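Note: hydrogens, waters and symmetry copies are ignored here, and every other heavy atom, side chains too, is used. Order of appearance sets the numbers: ligands from 1, and atoms from 1 within every ligand. Heads up: numbering here begins at 1 and tracks the sequence.
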Amino acid sequence: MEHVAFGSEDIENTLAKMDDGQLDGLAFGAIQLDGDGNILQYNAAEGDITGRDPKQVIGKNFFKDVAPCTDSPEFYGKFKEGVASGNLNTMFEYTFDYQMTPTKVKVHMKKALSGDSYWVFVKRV
Ligand SMILES: *C(=O)/C=C/c1ccc(O)cc1
């Protein structure tokens with residue numbers, strides 16, 4: 001395992017050192033998005049939660065293509081305000097229900113330490 005707790009205050013500094021292989025050792029799902037919502041990184045734990053194959057969703061748009069259930073003011077709306085503002089740090093519960101059994105999760109969205117990238121972290125509840 002990589003030992004990093006979900007919700008940790010300095011998580012963006014810790015994850016700045018990991019490559020795709022290290023990200024697969026986290027105890028929670030991790031997605032890195034660009035400012036348009038395209039998927040740059042997608043770890044093994046997220047694929048275990050949602051059924052998606054990580055290598056197949058990199059490059060797709062999360063809000064348009066992969067996760068239309070998140071295209072709502074409650075999820076995408078928060079993301080886009082964060083990108084526009086250049087700051088984002090929010091945690092909320094959500095249900096993922098597209099082409100899968102409805103699954104309740106906790107989501108943490110946080111701006112990355114690098115400029116135009118954003119993390120989405122997911123764990124079951
Ligand atoms: C709603 O459409 C949610 C879909 C979804 C969430 C998270 C993922 O990693 C993949 C699909």
Side-chain angles (χ1 to χ4, degrees):
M1 272 252 273
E2 301 266 286
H3 290 319
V4 177
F6 182 94
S8 277
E9 261 353 83
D10 49 356
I11 188 154
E12 71 270 28
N13 291 58
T14 305
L15 267 48
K17 62 195 194 177
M18 312 188 185
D19 60 33
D20 6 290
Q22 296 165 265
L23 272 183
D24 284 346
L26 295 173
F28 52 85
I31 309 168
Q32 194 182 22
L33 301 179
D34 72 10
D36 277 340
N38 298 311
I39 300 169
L40 304 174
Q41 298 257 70
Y42 189 103
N43 80 343
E46 182 67 6
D48 292 344
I49 295 170
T50 70
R52 280 58 179 186
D53 190 300
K55 284 77 192 181
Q56 296 195 189
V57 294
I58 297 286
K60 297 274 214 154
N61 188 280
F62 186 74
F63 301 106
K64 179 173 153 311
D65 308 318
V66 178
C69 83
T70 72
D71 180 358
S72 72
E74 297 87 20
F75 193 134
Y76 186 27
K78 299 175 182 148
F79 176 82
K80 68 95 152 161
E81 196 66 38
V83 175
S85 277
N87 145 191
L88 180 55
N89 184 5
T90 188
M91 187 177 318
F92 56 94
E93 291 182 2
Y94 205 80
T95 297
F96 296 162
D97 63 6
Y98 182 63
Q99 302 184 354
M100 64 195 288
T101 301
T103 299
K104 195 164 191 29
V105 294
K106 192 164 306 277
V107 179
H108 180 202
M109 292 197 299
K110 199 172 191 183
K111 186 185 181 44
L113 210 44
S114 91
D116 180 87
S117 91
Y118 299 87
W119 292 106
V120 182
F121 305 117
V122 177
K123 73 169 179 170
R124 292 174 173 104
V125 300

Q. With a 4.0 Å heavy-atom cut-off (strictly under), which part of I49 contacts ligand 1: side chain, backbone, both or neither?
A. neither
Q | Heavy atom of the protein closest to atom 2 (O) of ligand 1 (residue, atom name, distance) | A | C69 SG, 2.7 Å
Q) Ring centres of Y76 and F62 under 6.0 Å apart? A) no
Q. Does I31 reach ligand 1, in the sense of a heavy atom lying below 4.0 Å from it?
A. yes
Q: Under 4.0 Å from a heavy atom of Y98: give me the atoms of ligand 1 that qualify, with their elements.
A: 1 (C), 2 (O)
Q: Can you label the angle between the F92 ring and the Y94 ring as parallel, tilted or perpendicular, going by 30° and 60°?
A: perpendicular
Q | Pairwise distance CD1(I49) to CZ(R124) - rounded to 0.5 angstrom | A | 5.0 Å
Q: Compute the ring centroids of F79 and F63, then answer whether they are less than 6.0 Å apart.
A: yes
Q. So does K104 pair up with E93, basic N to acidic O under 4.0 Å?
A. yes
Q | Approximate separation, where rounding is to 0.5 Å, of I11 CD1 and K110 NZ | A | 7.5 Å
Q: Starting from atom 10 (C) of ligand 1, locate the nearest protein heavy atom and write down its residue, its atom name and how far away it is, to 0.1 Å.
A: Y42 OH, 3.5 Å
**Q.** Residue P68 vicinity, atoms of ligand 1 by number, heavy atom under 4.0 Å
**A.** 2 (O)
**Q.** Any N or O of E46 closer than 3.5 Å to N or O of ligand 1
**A.** yes
Q: May I ask you to identify the nearest protein heavy atom to atom 5 (C) of ligand 1, giving residue, atom name and distance to one decimal place in Å?
A: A67 CB, 3.5 Å
**Q.** Atom indices of ligand 1 within 4.0 angstrom of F96 heavy atoms, with elements
**A.** 3 (C), 6 (C), 7 (C)
Q. At what distance, to the nearest 0.5 angstrom, does CG of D48 lie from CG of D24?
A. 9.5 Å
